[PDB]
Amino acid sequence: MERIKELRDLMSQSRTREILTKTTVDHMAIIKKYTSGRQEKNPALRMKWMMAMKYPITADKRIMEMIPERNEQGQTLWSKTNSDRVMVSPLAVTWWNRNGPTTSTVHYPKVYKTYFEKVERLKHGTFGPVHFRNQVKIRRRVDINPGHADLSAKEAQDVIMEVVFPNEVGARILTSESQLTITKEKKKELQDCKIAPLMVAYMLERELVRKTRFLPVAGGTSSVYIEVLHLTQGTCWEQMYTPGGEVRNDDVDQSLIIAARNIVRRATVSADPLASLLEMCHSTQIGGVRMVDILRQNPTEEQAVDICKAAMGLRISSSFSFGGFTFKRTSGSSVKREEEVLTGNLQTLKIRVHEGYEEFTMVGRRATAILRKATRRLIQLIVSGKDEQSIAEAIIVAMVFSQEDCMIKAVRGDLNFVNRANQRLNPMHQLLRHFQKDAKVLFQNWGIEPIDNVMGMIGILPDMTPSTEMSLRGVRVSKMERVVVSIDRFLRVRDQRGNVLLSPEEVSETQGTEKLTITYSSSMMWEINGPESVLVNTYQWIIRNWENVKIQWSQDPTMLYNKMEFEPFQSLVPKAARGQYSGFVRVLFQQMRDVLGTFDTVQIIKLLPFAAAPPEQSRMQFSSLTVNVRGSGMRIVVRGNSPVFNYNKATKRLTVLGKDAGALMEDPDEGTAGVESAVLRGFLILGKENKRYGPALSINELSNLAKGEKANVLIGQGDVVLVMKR
Amino acid sequence: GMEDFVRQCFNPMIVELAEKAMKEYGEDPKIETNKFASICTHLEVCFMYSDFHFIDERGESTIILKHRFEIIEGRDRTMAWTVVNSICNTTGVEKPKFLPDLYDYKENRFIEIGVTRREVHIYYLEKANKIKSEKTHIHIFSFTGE
Amino acid sequence: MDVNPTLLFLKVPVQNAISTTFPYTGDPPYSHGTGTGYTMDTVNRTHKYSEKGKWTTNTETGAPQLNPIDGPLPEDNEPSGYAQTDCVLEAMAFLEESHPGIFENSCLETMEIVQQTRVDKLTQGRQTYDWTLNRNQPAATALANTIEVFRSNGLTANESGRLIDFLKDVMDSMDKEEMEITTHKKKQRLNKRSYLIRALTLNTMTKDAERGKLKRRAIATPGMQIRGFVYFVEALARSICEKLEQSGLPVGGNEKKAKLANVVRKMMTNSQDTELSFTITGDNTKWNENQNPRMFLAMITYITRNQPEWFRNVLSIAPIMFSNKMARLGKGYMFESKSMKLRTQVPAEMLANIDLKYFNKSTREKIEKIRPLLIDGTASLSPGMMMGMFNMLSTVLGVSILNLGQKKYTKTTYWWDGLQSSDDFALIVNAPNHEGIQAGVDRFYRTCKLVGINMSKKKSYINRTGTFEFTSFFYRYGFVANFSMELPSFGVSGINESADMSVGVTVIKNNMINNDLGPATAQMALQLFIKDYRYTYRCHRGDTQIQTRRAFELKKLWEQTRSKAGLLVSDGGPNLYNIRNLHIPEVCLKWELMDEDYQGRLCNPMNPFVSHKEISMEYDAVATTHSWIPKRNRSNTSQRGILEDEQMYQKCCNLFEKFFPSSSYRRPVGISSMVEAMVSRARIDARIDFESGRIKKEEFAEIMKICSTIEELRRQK
RNA sequence: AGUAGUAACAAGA
RNA sequence: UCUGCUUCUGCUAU
RNA sequence: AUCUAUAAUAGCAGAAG
Ligand SMILES: *O[C@H]1[C@@H](O)[C@H](n2cnc3c(N)ncnc32)O[C@@H]1COP(=O)(O)OP(=O)(O)OP(=O)(O)OC[C@H]1O[C@@H](n2c[n+](C)c3c(=O)[nH]c(N)nc32)[C@H](O)[C@@H]1O
Ligand SMILES: Nc1ccn([C@@H]2O[C@H](COP(=O)(O)CP(=O)(O)OP(=O)(O)O)[C@@H](O)[C@H]2O)c(=O)n1
Ligand SMILES: [Mg+2]
Ligand SMILES: [Mg+2]
């Protein structure tokens, strides 16, 4: 009523009518941003340049009736300006704050509930000690605002639009049941709201919309730990801290899986993996809560979590998760090998392929299925879902799980298998995400076969239609428990019958990052840390204890090789390599103790962790040794410096992965003659090339020489040198 | 020549509405003249299907006040969806998945209007299948009288 | 003892103390006078690097244009603009061969972008050349002026609201006999050539507040006829850059550091053990002046193969317009007579018909060298990109040259890869010995020469792989922290008291997170920010003696308050911030400690220092009284005619928001006029209200009658 | 004069 | 007749 | 597990090229 009379008043005139008629709604935003003047620039200088003035503030003329022109000292609080605006001093703000009409109904706590949640989390937080340590912060994407657990950012924005502006949503429809529930609750909670709809929308954006950022993180990546990242994680220190509220069960499950995988991987290297594993789970906390107390009350299905539960005499599920479905192997076995495959979009990538026939019960909430499969082959899939969308979900999950070459070749479009920061993504998760948006091509390229119509069931066709004649190549539709276990010294989980149910070999090798901070209390607070931390701390321990380590490396080397301090390192060495590597390094060290004058402290420190394995004999000469860091094999070069281990001869400070490890003092028996006895197995390097002895041959070409014979070898980073066979 | 015919065959308001409708999505009325004529015919059928129909103060339809029909066609996408959303939030009728042509307050239902050149069976069936919502009304006219 | 800070590098590596070498505590250098000198010098350098090219005269503008494409191969190591089209096409072909499907997928996403983008996107620009006024204007103002002139000239496809329809309007405007400019009411008429020269013009200004440079340089800003095409081309190039592992764009910040570290890490992993690995920290010299628009057209034509023809055309228009672009000379010069003690301004438009006696040696040489290109106060500049106008496309070209470094293309024992961010680049070369490294470096340098890329020899260096610099990111076996670069972000921002508190504390916290700001230095930064804040806003602690106009009210409020710890710092309260609570705002930090009456005054719903919106009943305010609005002085020219246009614009927009509640939360869409949309909304709202039962017979009749009156007024003025 | 540094300020209307 | 383009980050809501 | 993005309100400020 008011507004229509207002509009008629503006249309009665001439220029406003021409504006209202000759301006579409799309151009209204342009004319709304339309500004006249010299714009503005450097407002900090302006603020310093106007706060010394008398009236730097502009307010509405209504303030005449609220703020007096003068206080009890005759200082002017506002001055009329030659319009509805009025120039005002900050003294007016302070006079309102000390004399203005007060009230018991303020909207600040409700509109800004999330900030008060931060306040409450800090108030009830628990502070532990500060530990100064070599910190390895990795840059990754984390949550700055957690948002609603159910909704995504798009869904949260849709909910906000439907709640605040119901008649302006356009063609959009809320599809999810969580969306509808939250919309109902917010519309119920916001009737008779005296706040403007814009600020209500922004309050709901703070409450519901999830927001992420790339940050350098150590410790937990959950939003309750990211909000206090400045307080808990430093350059050289970790502040033990636990937020005050309630933890999300999802984050607890994730961090438990991470800790269990790290613990099992480190335990496999020990000479008594069972006792080692028990000690670690007894000395581990997850978000402030003891790991054993979590393991006694957490129903998480995972291989390493089940191994941890079995070692402490608990009932396990012997099941895992994949694509939202719970998988339980009923019969069969498998091993895991790395296989390079080419996808439908010409992207080559390695997948962990499981060799061996096996059978699974795949339980979802809206679907269920029996699967039988072999090495990259879907032998049989009997799905029993409720709705055809759930049936399609389960079929897609089973085709991806089968690791069929048809599935790998069905990839079309711009499917990336790397992160935006060029980090490796899980290929199976990427294929699942790709086919869950549209699996038309997968259904076409899967294949069809005629049905014999057994048991009354009916098969489904690539068009998601039921057909009694044909179906997919192995797919059939249908109309529709924690066991006591044992565990031995080597972490093999037998059943009550005596057949192996789990093994450390079934534990996923992916090195992930915890959502809640994992706290380890032992001699080495880094023992169950990530690979970069483990490498840095292993070398830092070696050079920090270099006096006793150096005295022991000569008297009883076997005692030194057997130290626990090298076992977190050995879990990063590839298994098949360990023994060989060890043998190599040990032979080097022995031929180093036999040749007087050849003593290189850097070489011993470099190769000492690799000697921690039972040495297997071999005639191979290694120019490098591999350690698995985040899915990639980093090479430590036997001679000289490298990008994972570089000793600066000038500063004398060893650097491992860019993190300083410390300085090496002056060893009197350092070998300045130039001879090297710990680079090649059975060869003393006597210096640079001598053209007398012929051309340079390869490292792996030296096995047919005889003792008392020099040669020129292209051993190193493009360095030709002169060696001789002992 | 189609352009000229349209310009002289229909009212200036219907022609202006058609011009707006094809200008919203980047169509020149001088180039695509058959779509110009199709849209003009659609708008004219809708504005005749609507006009001269009211609901009196007791609640039944009388032809001579509360208009019987709400015109959804011939509006901007935003204004059309605003009208549809307001009708849905007031009367509690299911939201159509696509923009309809009219709304019947008396029958309280969205009407999808079609003006076909081909058979009405084919056209009707196609439209119905596409909509797949057994709540939207589908009334198909043709130039033959069927 | 003589103190030498540089001697600290004898023990601390330069990277681990790189922050010392950034003197960002002093003021940056500004320009004082005109930019005509830098503009003329830029044009002359661009024509010098391409002087062996072919000269032609433009049949449409009459401007002399230089074409250095396929010119004579360079004979020295001076910068050359002689890019060979076959080598550029080969680089594109091999980039597509090494990443199958990159251009196809990029063109699909860019087709979606081109079809959905609104003309409002153009308003997201800064100061824009406005051909209607021949001056710099805000982007929204320039766009509105362009739309008004186009409409008064019968060009109204932009009414669709799509950017591509406005581009069609621009295309059709470039074919009119005369353009009508209606000022305030003087009716000017540009002809075809004059309008065309104004449409292909980029205004030139001098870049101010720039670190690391002794001498100033010129920047350019294009008009509205260029910006839509450049936006579409840059969107395509961004889609391409997103799919390339060597691109340092459009990734930035922590994500960029992570990508660079991971990519260099993978590169060092791929290199075999027996190989020699070297890294070139490299800059390219005269990057924008040697990027030819014709090569951008060739690249776009190869990228858009087998695409619809409308898409290729709309993507080809930007390189065409940039190939025929004019650079406006600027403000001109200023002349002084000491004996007569007078000074005068000489515009640039009279720099072709002026006597050369007035100028010094170098300026006279500049004018003599540039005079053949002068038309209507602009200079013809066919070669060059005119300062970062195609950052992402030039990034694609550099990445193609990097991609040419695999062993399948070098066909030798050496190979190379690296990182490319527009002009900056890090090149990792691998080879079995030093001669192979030299050969790979020579081959990369010469291949870059073939495509118009000139490696800066004086700014680039090479060392064993492991340390380098890329886009001011220093990598010593990993990227190091450089706190000095973020130093100008500390301080009072000048928004208001609340926002300045929030920004100061948040900046301190984020610098602890990202830039290795230690805890003790963070506490001291907090203390220094609180000092600067209290000085700026005259809000020193209530129980102090500093004398200011505000101090009496602050003392009264202090003595009035039981719980002093609850008062905000802007109210003369204490500073309760520490490392613990940097992430918590100030009103929430001390909400529990506030006195009830002070709390109900600070957060009063009828706060008079913030704006109130009508529902004369108004919504309750939520913000505190420290969220006031600073007076913005905007008062001496003839451009005062737009103040009334803008006032009436604001009146209309507030009325529209009274009719459309979500228009200020999300951008509204619609081809209908404002009055039509508002009347239809009023009608449907009155209908669903009378139906649902909020209004009666008579109010509904009155609303419908006012609507009919407005509709007959819009049809009948 | 001074600021300053490749062109300006040392008020303008 | 005078702070451009691009990218990231932070803050705010005429 | 993903997540500039199975994404798109705008303005200002800092940095980089
Ligand atoms: O966030 C990660 C993880 O913590 C989380 N997760 C794992 N388990 C749970 C549960 N139980 N509840 C909630 N969240 C859970 O999901 C992410 C998975 O970790 P990630 O390292 O990314 O992948 P992972 O290494 O686990 O492998 P993935 O592809 O997810 O497969 C999981 C599981 O499936 C086994 N598997 C796959 N295939 C194709 C198999 C096969 O053919 N034969 C057999 N016997 N097993 C197969 C994988 O080996 C894993 O066991
Ligand atoms: N503000 C900026 C700074 C840079 N750029 C873009 O970055 C390039 C290199 O700038 P640069 O500053 O590295 C060129 P410089 O090293 O000074 O000299 P040289 O050319 O003789 O080597 C420019 O040519 C523009 O494309 C920009 O668009 N805006
Ligand atoms: Mg560089
Ligand atoms: Mg440079």
Side-chain angles (χ1 to χ4, degrees), chain A residues 29 32-33 38-44 141 152-154 157 198-199 202 210 212-214 254 419-420 425-426 428-430 432-433 436-437 510 512, chain C residues 29 31-35 37-38 116 123-129 134-136 202-209 215-216 218-222 230 234 238 242 248-256 287 330-334 345 347-348 360 362-363 386-392 421-424 471-473 485-490 493-496 498-499 502-503 506-507 510 514 611 613 623 627 636 650 653-654 657 664-667:
Chain A
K32 192 192 187 322
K33 298 183 168 190
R38 293 182 183 174
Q39 188 173 355
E40 254 186 336
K41 58 199 232 313
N42 195 186
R141 180 158 297 268
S152 150
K154 177 77 231 97
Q157 293 283 1
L198 240 187
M199 313 145 35
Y202 281 136
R210 181 173 171 260
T212 64
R213 285 299 179 281
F214 248 85
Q254 193 267 350
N419 209 350
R420 226 191 153 226
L425 302 175
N426 195 330
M428 306 290 334
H429 297 216
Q430 277 307 105
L432 271 156
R433 278 185 290 271
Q436 278 172 347
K437 313 193 283 75
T510 294
Chain C
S31 63
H32 297 259
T34 188
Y38 308 118
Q116 322 276 27
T123 70
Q124 289 176 213
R126 301 282 292 221
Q127 286 297 284
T128 313
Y129 173 64
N134 205 28
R135 266 177 25 101
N136 277 6
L202 290 96
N203 208 358
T204 308
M205 329 87 87
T206 295
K207 164 78 187 193
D208 276 344
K215 303 198 201 297
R216 316 277 72 70
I219 52 189
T221 177
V230 175
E234 282 295 86
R238 172 171 182 158
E242 292 176 350
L249 272 178
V251 285
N254 282 309
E255 203 160 12
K256 179 179 174 168
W287 181 256
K331 200 185 178 167
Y333 281 103
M334 270 210 51
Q345 175 82 40
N360 63 263
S362 94
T363 303
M386 266 222 91
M387 209 66 167
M389 293 285 108
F390 296 88
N391 299 294
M392 314 228 72
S421 202
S422 207
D423 51 286
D424 326 302
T471 62
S472 269
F473 293 161
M485 255 157 44
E486 280 98 2
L487 255 165
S489 54
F490 285 71
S493 281
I495 305 135
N496 58 72
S498 295
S502 204
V503 166
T506 309
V507 161
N510 288 324
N514 294 272
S611 277
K613 183 178 179 294
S627 281
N636 252 74
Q650 292 311 302
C653 291
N654 295 42
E657 246 284 355
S664 98
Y665 178 59
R666 257 42 182 161
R667 194 206 55 247

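Proteins get letters first, then strands, A, B, ... in listed order; numbering begins at 1 in each. Worth knowing before you read on, the calculation uses all heavy atoms, side chains too, and leaves out hydrogens, waters and symmetry mates.
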Considering only heavy side-chain atoms of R216(C), the closest of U6(D), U7(E), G4(E) is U6(D)
| Under 4.0 angstrom, heavy atoms only, what part of the nucleic acid is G125(C) near: base, sugar-phosphate, or nothing? | sugar-phosphate
Regarding the side chain of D423(C), the nearest nucleotide among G17(F), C3(F), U6(F) is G17(F)
Rounded to whole Å, the CG-P distance (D208(C) to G14(F)) equals 13 Å
Listing for RNA chain D: consecutive Watson-Crick or G-U pair runs of at least 3, distance cutoff 3.5 Å, ranges ordered by first number, gives none
Does the base of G4(E) carry an N or O that pairs as donor and acceptor with the side chain of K207(C) under 3.5 Å? yes
Expected label for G5(D) (glycosidic angle, syn inside 90° of 0, else anti) would be syn
In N134(C), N203(C), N136(C), the residue satisfying side chain to side chain donor-acceptor pair (under 3.5 Å) with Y129(C) is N134(C)
Across all chains, not counting sequence neighbours, the side chain to side chain donor-acceptor pair (under 3.5 Å) partners of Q254(A) are none
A5(F) -> Watson-Crick or G-U wobble partner, both distances under 3.5 Å, gives none
Taken to the nearest whole Å, CE/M392(C) to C1'/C5(E) is 12 Å
Parsed dot-bracket for RNA chain E after applying the Watson-Crick and G-U rules with both distances under 3.5 Å and | for other-strand partners is ....|||||||||.
*Are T221(C) and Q127(C) side-chain neighbours, meaning at least one heavy-atom pair lies under 4.5 Å?*
no
Rounded to whole Å, NZ of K256(C) lies from P of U4(F) at a distance of 17 Å
Do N510(C) side-chain and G10(E) base share a donor-acceptor contact under 3.5 Å?
-> no
Side-chain N or O of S472(C) versus OP1/OP2 of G17(F): is the shortest distance under 4.0 Å? yes
From the candidates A8(D), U6(D), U4(F), the one with an atom nearest any side-chain atom of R141(A) is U4(F)
Result for 5'-nearest mapping on RNA chain E, choosing between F214(A) and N136(C), is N136(C)
The nucleotide from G4(E), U6(D), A10(F) with an atom nearest the side chain of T221(C) is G4(E)
Smallest heavy-atom separation, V503(C) atom then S493(C) atom, equals CG1-OG, 3.4 Å
*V251(C) and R420(A), any side-chain heavy atoms less than 4.5 Å apart*: yes
From CZ of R126(C) across to P of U7(E) the rounded distance in Å is 15 Å
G12(D) and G5(D): how far apart are their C1' atoms, nearest whole angstrom?
25 Å
Sub-4.5 Å side-chain heavy-atom contact between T204(C) and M386(C): yes
note: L487(C), atom CG; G14(F), atom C1'; distance rounded to Å ~ 11 Å
I'd like a table of atom pairs between the protein and nucleotides 12-14 of chain E - only N or O on both sides, under 3.5 Å - with the distance next to each one.
from, atom 1, to, atom 2, distance (Å)
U12(E), OP1, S502(C), OG, 3.4
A13(E), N1, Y202(A), OH, 2.9

From CA spacing to verdict: side-chain contact (heavy atoms from CB on, under 4.5 Å), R666(C), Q157(A)
CA-CA 11 Å; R666(C) 257 42 182 161; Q157(A) 293 283 1; 3.6 Å; yes
Taken in chain and number order and not counting sequence neighbours, the residues that satisfy side chain to side chain donor-acceptor pair (under 3.5 Å) with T212(A) are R141(A)
Assert: residue with more 5' nearest nucleotide on RNA chain E, out of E255(C) and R38(A), is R38(A)
Between CD of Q127(C) and P of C12(F) the distance, given in whole Å, is 10 Å
Winner on side-chain proximity to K331(C), out of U1(E), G4(E), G10(E), is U1(E)
request  = Sticking with atom P, work out how far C3(F) lies from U12(E), rounded to a whole angstrom.
outcome  = 28 Å
In terms of heavy-atom contacts, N496(C) and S498(C) come closest through OD1-N, 3.1 Å
Quick note, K33(A) side chain, CB onward, closest among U7(E), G11(F), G17(F) is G11(F)
What's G388(C) touching, base or sugar-phosphate or nothing? Going by heavy atoms closer than 4.0 Å. base
### Task
For the residue pair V230(C) and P222(C), establish whether any side-chain heavy-atom pair is separated by less than 4.5 Å.
no
Using a cut-off of 4.0 Å on non-hydrogen atoms, how would the nucleic acid contact of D424(C) be classed: base, sugar-phosphate, or nothing? sugar-phosphate
Legend entry - Separation between the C1' atoms of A7(F) and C5(E), rounded to whole Å: 24 Å
Expected label for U9(F), using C1'-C2'-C3'-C4' where a positive value gives north and a negative one south, is north
Any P250(C) side-chain heavy atom under 4.5 Å of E255(C) side chain:
no
On the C1'-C2'-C3'-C4' criterion (positive north, negative south), the furanose of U3(D) is north
- Message: Please report the distance separating the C1' of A8(F) from the corresponding atom of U3(E), rounded so that it comes out in whole Å.
- Response: 27 Å
Quick note, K437(A) side chain, CB onward, closest among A5(F), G4(E), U6(F) is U6(F)
Under 3.5 Å, is there an N or O donor on one side and an acceptor on the other linking the side chain of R420(A) and the base of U4(F)?
yes
Does a side-chain N or O of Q430(A) approach OP1 or OP2 of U2(F) to a distance below 4.0 Å, or not? no
Would you say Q116(C) reaches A8(F)'s phosphate, i.e. side-chain N/O to OP1/OP2 under 4.0 Å?
-> no
In whole angstroms, the gap separating P of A15(F) from CE of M485(C) amounts to 9 Å
Expected label for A7(D), using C1'-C2'-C3'-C4' where a positive value gives north and a negative one south, is south
Checking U6(E), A7(D), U1(E) against the side chain of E234(C) (C-beta onward), the nearest is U6(E)
Next on the checklist: With hydrogens left out and only the distance checked, is there a donor-acceptor pair under 3.5 Å joining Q39(A)'s side chain and the base of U3(E)?
Outcome noted: no
Quantified in whole Å, what is the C1' atom distance between nucleotide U6(F) and nucleotide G11(F)? 29 Å
note: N203(C), atom CG; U3(E), atom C1'; distance rounded to Å ~ 13 Å
Residue set satisfying side chain to side chain donor-acceptor pair (under 3.5 Å) with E486(C), at least two apart, ordered chain then number -> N515(C)
| request: In plain terms, say whether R238(C) and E242(C) are close enough for a salt bridge, that is, a side-chain N and a carboxylate O under 4.0 Å apart. | output: yes
With syn defined as a glycosidic angle within 90 degrees of 0 and anti as anything else, the base of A10(F) is anti
Note to self: With a 6.0 Å cut-off (strictly less than), is the heavy-atom count around CG of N636(C), excluding the residue itself, greater than 12?
What the structure shows: no
Note to self: Taking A13(D) as the reference, what is the distance to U3(D) when you measure between their P atoms (whole Å, please)?
What the structure shows: 27 Å
